[PDB]
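Chains as they are written, first to last, in the working numbering: chain A, 104 to 265; chain B, 485 to 770; chain C, 206 to 260; chain D, 3 to 109; chain E, -3 to 66; chain F, 78 to 266; chain G, 441 to 492.
Where is the CB? At the ideal position from N, CA and C, for every residue including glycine.
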Amino acid sequence: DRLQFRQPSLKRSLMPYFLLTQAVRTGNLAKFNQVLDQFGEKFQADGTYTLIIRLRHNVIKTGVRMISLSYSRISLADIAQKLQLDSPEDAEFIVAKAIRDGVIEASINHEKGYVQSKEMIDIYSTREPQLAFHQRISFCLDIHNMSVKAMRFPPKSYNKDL
Amino acid sequence: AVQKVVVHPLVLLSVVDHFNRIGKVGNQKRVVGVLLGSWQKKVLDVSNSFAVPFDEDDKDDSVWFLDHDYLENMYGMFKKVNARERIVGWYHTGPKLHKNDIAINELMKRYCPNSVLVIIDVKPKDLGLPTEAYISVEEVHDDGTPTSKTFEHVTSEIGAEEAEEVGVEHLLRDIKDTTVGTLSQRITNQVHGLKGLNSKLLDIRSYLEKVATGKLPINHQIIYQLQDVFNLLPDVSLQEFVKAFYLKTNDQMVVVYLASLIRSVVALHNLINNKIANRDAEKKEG
Amino acid sequence: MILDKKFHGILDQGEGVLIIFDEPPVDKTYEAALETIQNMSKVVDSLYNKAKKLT
Amino acid sequence: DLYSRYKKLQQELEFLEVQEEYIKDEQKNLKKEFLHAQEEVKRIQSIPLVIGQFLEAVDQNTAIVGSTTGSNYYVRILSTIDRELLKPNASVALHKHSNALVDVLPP
Amino acid sequence: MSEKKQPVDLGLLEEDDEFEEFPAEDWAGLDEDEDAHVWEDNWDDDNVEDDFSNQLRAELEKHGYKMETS
Amino acid sequence: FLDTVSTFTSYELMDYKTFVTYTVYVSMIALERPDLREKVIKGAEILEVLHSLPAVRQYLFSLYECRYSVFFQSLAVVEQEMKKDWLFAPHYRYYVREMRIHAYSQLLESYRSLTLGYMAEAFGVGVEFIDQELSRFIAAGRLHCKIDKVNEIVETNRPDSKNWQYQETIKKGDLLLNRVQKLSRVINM
Amino acid sequence: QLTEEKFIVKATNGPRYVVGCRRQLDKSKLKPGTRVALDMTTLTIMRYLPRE
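Shown next as structure tokens:
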């Protein structure tokens, strides 16, 4: 949200947007679908409802991304009911639509029918670090060293007149 | 017995004198000078030397000509001016160890104590160290071959005492000192692979020639320890050494933040003075 | 006494496993991070001089 | 003139061009000379030396020094040492021959 | 350019002309509890607050009843 | 509150025992076990005034003793006490949650892997609540690395010492990087 | 003794100096409270001087 900048222009700018942008994370379908168009005046009068109409079915994808930030196994009552999505097929199906993204880490397994995931969010700390911040070293040193060029040449632009 | 020697550059400059006082005859043999030094401490320390007229034959190697009276007179007058140094050994400036050099060596093994031999080079085109200390010892051999005088390399360093540094450094004005940082590090880091390259390539090619075309006990036994230690590095799998590369790479990241941060601090006076000097000299120029 | 850090260890309830480990190089990230934070006021106070002198 | 200004000017392009690698040669060589004379005036400063005592600084970068023998000496001090070591009652240490100060000693 | 700030600010004056000091005072009802409190904390407190403004706001009073029932 | 040796009944503003009653919150939440053992468990000033109310001694000794089954049984008094107060009201949402995550970090610090049985016995709560708790405390609370339920057991990794001790500074490296991009914005204009 | 290698000496005749350490001897006898022996050249230490 607006965290580190305090000015009452962006504040009034998000004064309509706040209820829906807090309504992103909990992601309740039937309520927030009414909430958007309900007081929708200027953000839905801003034109052609495009990225909010992508938002309307991005709700369950960001919510199931919070499920990816939650535990591994997918239940048929608890988390399927919790995602307002009550069937064996659509659970593994739309979770599988998050699997075909590649943004996650998951293990499609059927032993008894329950779907696993290894859900490993382990960072590269003791996991191939040299190759990992290898590119960070090269890019960062190039930025810092072209900044070294940016403190070489403007002193040339200082001593040029004299 | 003796681990290392110290040879001062004065005697090798007297080998420049060996190549000065020739007089252009057409001989240019391995002219032997009488090496002087300090056998007193366990380390050997060469201070100075002189030379003696030495002749061999064209065909015969075993004809060789020295002098005892010249040795006792030059060493006598030298001991009269400086008795803090005594006779120690000798040297020939030829690149090659002749068969006769055991017998030429034997005269100074008799009258002097256990004498050291130094092989140096007539033309200093060798990138390697010109001086090699070869201890004159008889060693017992495992094959059962009879015991003979054997020249094992004693490691050497070339150092100057005090004034030789000053005079040499005044004569050069071309060499640069230690000078840690970019240049003196990175030049060793330039030619350094060439320095092991010409060593190894200079050795294994004619060595490989003496593999197929060689006999007469080339120390065939030291090939087993040689190739053994060479096979003590069997192209390491790096799997444990991965984290070592995280270690040197993380020290590298420390050098990243130090270089970036500290140079960015050097940017301060630059990016202040660039404005405040120019615009104020400008606005008070008119 | 792990919470008061009198020694190195960490426990377990499912497996009952004890693991003992240590971190010796403490003085790198300290001096690094404090060099960053002390250079913050250098750059920001520089921007106060330059934001003073331009606008 | 007008079309001759082109090819006339090209020679000034070349003559200003030739100053580039020249100023590269100077900027690479004279800093090597700077660490030459820098290390050479550094190796003048040697640790065997005599210790005197400071009495007064009569002007900037030149002062007087009481020797251990009691005779007062007039020495232009070395430029690298800042004004902290101009303390009037100090444990100053000159050279044994150069008789210029490298460092003062803590009492 | 910063002259394209001008029609965007005409939009801003239309936004301020939607409600005239109704949101400054009423939202200042929350700001008077929220002024000088660091608003990075008010995003976390607003996050879990608005999360539990729907249901189970205090709820620690209920956990003692969740002991025997769960 | 370190002057509480010298603080006194101040009827111009605030009673001394109410000064103790208000400083027990900022100490009780905002300070850790080296902080509490350093200042107040060492300090005799709270050792005097703990005899005034027996609840406060429970909220220090059972919290410090990490006994959740009694601390949550008694924490409702901190809840109802926590509201209805003049200067102490609007943050009552924050002290609760902050104290919960500080307690869960207190247990979860010395513990690598954790069954839900000993955990549910420890808190005296159903597993259904600690399920959504720490799931909200991965993203929302942001306490530790990812927790898994393939074995239905709390397992953290927490590689927060070795490499993360170095990578706490990449944030300031990027912020200084954008700040020297601002320094580049100073250039020529 | 300021540097562990290099310290202050006090001559019998009165002027004070600072000297180095010889590569042969070690820091055992080089601790303070030890009267020593020095050279005109390089101000080196060959050995110490035991008082009596």
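**Request:** Say whether the segment 250 to 263 of chain F touches the segment 194 to 206 of chain F, bearing in mind that this needs 3 or more beta-carbon pairs closer than 8 Å, one atom from each stretch.
**Result:** no
**Prompt:** Roughly how many whole angstroms lie between the Cα atoms of residue 491 of chain G and residue 475 of chain G?
**Reply:** 7 Å
**Asked** Near residue 78 of chain F, what residues of its chain come up, given a Cβ to Cβ distance below 6 Å and the 5 sequence neighbours on each side ignored?
**Response** 100
**Asked** DSSP puts residue 239 of chain A in a beta bridge; with which residues?
**Response** According to DSSP, which records beta bridges pairwise, residue 239 of chain A is partnered with nothing at all.
**Prompt:** In chain F, what lies closer than 7 Å to residue 220 of chain C by C-beta?
**Reply:** 190
**Item:** Delimiting residues of the alpha helix (DSSP H) encompassing residue 165 of chain A
**Value:** 162 to 171
**Prompt:** Quick one: is residue 630 of chain B buried, meaning 16 or more other Cβ sit within 10 Å of its Cβ, or exposed?
**Reply:** exposed
**Request:** Answer with buried or exposed for residue 512 of chain B, where buried requires no fewer than 16 other C-beta atoms within 10 angstroms of its C-beta.
**Result:** exposed
**Asked** chain C beta carbons: is any one of them nearer than 8 Å to that of residue 581 of chain B?
**Response** no
**Message:** Check whether the segment 70 to 77 of chain D and the segment 22 to 37 of chain D touch, using three or more Cβ-Cβ pairs below 8 Å as the test.
**Reply:** no
**Prompt:** Of all Cβ atoms in chain C, is any one closer than 8 Å to the Cβ of residue 748 of chain B?
**Reply:** yes
**Request:** Would you grab the beta carbon distance between residue 145 of chain F and residue 200 of chain F for me? Rounded to a whole angstrom, and I think it's under 8 Å.
**Result:** 4 Å
**Request:** Please say whether residue 224 of chain F and residue 233 of chain F have beta carbons closer to each other than 8 Å?
**Result:** yes
**Residue nearest to residue 229 of chain F in terms of C-alpha spacing, selected from A:241, A:251 and A:173** = A:173
**Prompt:** Does any heavy atom of the ligand HEM sit closer than 7 Å to the C-beta of residue 557 of chain B?
**Reply:** Of the ligands one can find in the structure shown there are none, so the ligand HEM has no counterpart to examine.
**Request:** For the alpha helix (DSSP H) containing residue 42 of chain E, list its first residue and its last residue.
**Result:** 37 to 48
**Asked** What are the start and end residues of each continuous alpha helix (DSSP H) run of 4 or more residues lying completely inside the segment 220 to 248 of chain F, in chain order?
**Response** 241 to 244
**Request:** Using three-state DSSP, classify residue 214 of chain F as helix, strand or coil.
**Result:** helix
**Asked** DSSP state of residue 251 of chain A, grouped into three classes?
**Response** helix
**Message:** In the DSSP assignment, the alpha helix (DSSP H) including residue 156 of chain C goes from what residue to what residue?
**Reply:** Nothing can be reported for residue 156 of chain C, as the shown portion of chain C is limited to 206 through 260.
**Prompt:** Between residue 559 of chain B and residue 571 of chain B, what straight-line distance do the alpha-carbon atoms span, to the nearest angstrom?
**Reply:** 8 Å
**Proximity of residue 259 of chain F and residue 252 of chain C at Cβ, strictly below 8 Å** = yes
**Prompt:** Starting from residue 534 of chain B and walking both ways along the beta strand (DSSP E), at which residues does that stretch end?
**Reply:** 533 to 535
**Neighbouring residues, chain A, relative to residue 8 of chain E (Cβ below 9 Å)** = 112, 115 and 116
**Chain-order list of residues whose beta-carbon lies under 7 Å from that of residue 63 of chain D (same chain, five-residue window excluded)** = 78, 79 and 81
**Proximal residues, the segment 232 to 243 of chain A versus chain B, C-beta separation under 8 Å** = 232, 233, 236, 237, 240 and 243
**Prompt:** Buried or exposed: where does residue 35 of chain E fall if 16 or more other Cβ atoms within 10 Å of its Cβ makes it buried?
**Reply:** buried
**Asked** Taking only beta-carbon atoms, is residue 470 of chain G less than 8 Å away from chain D?
**Response** no
**Item:** Residues within the segment 52 to 70 of chain D neighbouring chain G, beta-carbon criterion of under 7 Å
**Value:** 52, 53 and 70
**Request:** Using DSSP bridges, identify the partner residues of residue 617 of chain B.
**Result:** B:602 and B:638
**Item:** Close-in-space but distant-in-sequence residues of the same chain around residue 20 of chain E (CB under 6 Å, 5 per side omitted)
**Value:** none
**Asked** Is there at least one Cβ from chain I nearer than 8 Å to residue 249 of chain A's Cβ?
**Response** Among the chains of the structure shown, chain I does not appear; the protein chains present are A, B, C, D, E, F and G.
**Message:** Which residues in chain A have a C-beta closer than 8 Å to the C-beta of residue 226 of chain F? List them in chain order.
**Reply:** 174, 175 and 176
**Element boundaries [alpha helix (DSSP H), containing residue 486 of chain G]** = That residue, residue 486 of chain G, is in no alpha helix (DSSP H); its beta strand (DSSP E) goes 485 to 488.
**Request:** Find the residues of chain D that neighbour residue 661 of chain B, judging by a C-beta separation of less than 9 Å, and give them in chain order.
**Result:** 37, 38, 41, 42 and 45
**Prompt:** Would you say residue 32 of chain D faces chain G, with C-beta separation under 8 Å as the test?
**Reply:** no
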